[PDB]
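Here the structure comes first, spelled out in structure tokens, and everything after it is commentary.
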Amino acid sequence: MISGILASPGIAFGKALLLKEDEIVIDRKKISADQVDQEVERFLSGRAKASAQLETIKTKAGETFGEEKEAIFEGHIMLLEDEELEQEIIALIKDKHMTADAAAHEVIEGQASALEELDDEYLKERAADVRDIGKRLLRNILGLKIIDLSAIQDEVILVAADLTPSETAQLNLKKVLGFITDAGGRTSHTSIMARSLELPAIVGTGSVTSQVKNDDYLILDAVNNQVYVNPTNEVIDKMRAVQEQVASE
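The sequence shown begins at 1 in the deposited numbering and counts up one residue at a time.
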């Protein structure tokens, strides 16, 4: 009886694609002036990578929804390429012997924390959008694996606690079957897509990400506002006939 907010009606069948994320471990170790030169190249040239990353996601936002949303990610790169946020990172590594991983966190620590001090869901929600640009920056300095959701090959359902514009901008609306997230937002981004794409989806699942696993067989009803997990063939067969009779309705 998983009751959500129901974005759009539509029964769909598909395997569960759970998006898990490994916790990131930052290096809080103090390096020697002999490895500082390496931090600059690992960060400087690592800037050629992170800059090349958003760039790839930048055009995918304009080729996916249209140059209309590309202008939003365009400014998001300026913040990353900010010459000011760069001189502070560099100095710290040299002045406080901080690792590009640790020093880089220091700046991202006040940009996100400082926006939380504002009383405006506009600049505050920007805090999450700015912090998001930081987690990516880290995965680059640590060369950690990147979550590539644009790699699906078989039709499956999408399950995740929540997806930020960047993830939706690179999502593959070419082999996806639907969107299921625990976002109790009467207007969650994942919903605005489901609304413009008129596809069927849900957002108030709450804790379904803690009840299903990846590859699990899910069945979205989007009719009685409920998700069935590996239901019996008696229910499926009974709905397979009625479900399709609705397609004709």
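All C-beta atoms in this analysis are idealised placements derived from N, C-alpha and C, irrespective of residue type, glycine included.
In this chain, the beta strand (DSSP E) harbouring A16 covers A12 to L18.
Contact annotation: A50 and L137 have beta-carbon atoms nearer than 7 Å. Residues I26, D27 and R28 of the same chain have their beta carbon placed closer than 7 Å to that of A102, with the five preceding and five following residues left out of the count.
Here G10 is buried: its Cβ has 16 or more other Cβ atoms, across all protein chains shown, within 10 Å. Taking the C-beta atoms as reference points, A61 is found nearer than 7 Å to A169.
Among the bridge pairs identified by DSSP, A201 is matched with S8 and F179. Taken atom to atom, the span from the alpha-carbon of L18 to that of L199 is near 20 Å. Taking every protein chain shown into account, the CB of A52 has fewer than 16 other CB atoms within 10 angstroms, so this residue is exposed. Around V235, the same chain offers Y228 as residues with beta carbons nearer than 8 Å, after the five sequence neighbours per side are excluded.
Burial state of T190 is buried, judged by a 10 Å Cβ sphere holding 16 or more other Cβ atoms. Nearest to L85 by C-alpha distance, out of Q243, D120 and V130, is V130. Beta-bridge pairing by DSSP links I157 to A16. Here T232 is exposed. Its C-beta has fewer than 16 other C-beta atoms within 10 Å. Contact between the stretch 204 to 218 and the stretch 169 to 183 is present, with at least three C-beta pairs closer than 8 Å. Straight across, the Cα-Cα distance linking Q245 with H76 is about 47 Å. Counting only runs of 3 or more residues that sit fully inside the stretch 120 to 175, the beta strand (DSSP E) segments are 156 to 160, in chain order. Sequence-distant partners of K58 (beyond 5 residues in either direction) whose C-beta falls short of 6 Å from its own C-beta, in its chain, are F73. A straight-line Cα-Cα distance of about 6 Å links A104 and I89.
Beyond the five residues adjoining it in sequence on each side, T56 comes within less than 7 Å, by CB distance, of no other residue in the same chain. Setting aside the 5 residues that flank it on each side, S3 is surrounded in the same chain by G204, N225 and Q226, each with a C-beta closer than 8 Å to its C-beta; the list follows chain order. Bounds of any beta strand (DSSP E) do not take in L118, whose DSSP letter is neither H nor E. For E155 and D216, the gap between their C-alpha atoms comes out near 13 Å. Under the three-state reduction of DSSP, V227 is assigned to strand.
Pairing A201 with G178 gives a Cβ-Cβ distance under 7 Å.
With respect to the C-alpha of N172, the residue from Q153, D162 and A100 having the closest C-alpha is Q153.
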